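Just the one chain here, the form deposited in one PDB entry, laid out as structure tokens.
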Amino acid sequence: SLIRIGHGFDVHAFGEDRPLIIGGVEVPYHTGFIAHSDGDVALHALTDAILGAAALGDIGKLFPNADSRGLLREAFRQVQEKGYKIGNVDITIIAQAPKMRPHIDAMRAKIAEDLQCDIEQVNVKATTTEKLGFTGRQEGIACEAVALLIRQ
């Protein structure tokens, strides 16, 4: 095949840290889900979609790790090894947040830079669940992504 389709969905649950004094020593205390990444839901979903289209599994098969751009580049390199380049990708951030549009083009530029394609092959959008569900109650954010790969 010379054309592949892929999809990704990722969630980041909010969590917080606070200092505690126990036994005369200060220890950090984490509340909520324990993160093993910067929580970049947009890049994680995109990574899964690109790996997915090439049938390379998912983010959980890259480094058998925190910075998502590093994972994203690793996924693109693996898709290159198989002979693919980016046709185009589309990202949909699902978050109960207002202004993120001012940063949208900055996100596109970096993604384009990491996928070695033009910024015009990258689309990013943000929408809300209108106060509904876990994103609506602001317990976390999610993201959905689709990717089209083309044979080089």
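Under this definition, the rigid core comprises the largest set of C-alpha atoms superposing within 1.5 Å between the forms. Only residues modelled in both forms are compared. Start at 1 with the first residue shown and count on from there.
Quick note: we don't show the form deposited in another entry, though the next part is all about it.
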Exercise for the section: Examine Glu26 after superposing the rigid core and state whether its CA is displaced by 2 Å or more between the shown form and the other one. Expected result: yes
(message) For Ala55, does the CA position differ by 2 Å or more between the shown form and the other one when the superposition is done on the rigid core?
(response) no
Original post:
Once you line up the core, how about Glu139: does its CA shift reach 2 Å between the shown form and the other one?
Top reply: no
Quick read on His30 and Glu139 CA atoms in the other entry, 3 Å or more from the shown distance, and they're farther
Cα of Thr135 vs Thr31, shift of 3 Å or more in the other entry, relative to this form: the pair sits farther
Counting only common residues, the segments between the shown form and the other one where three or more consecutive C-alphas all move by 2 Å or more on the rigid core are 16-36
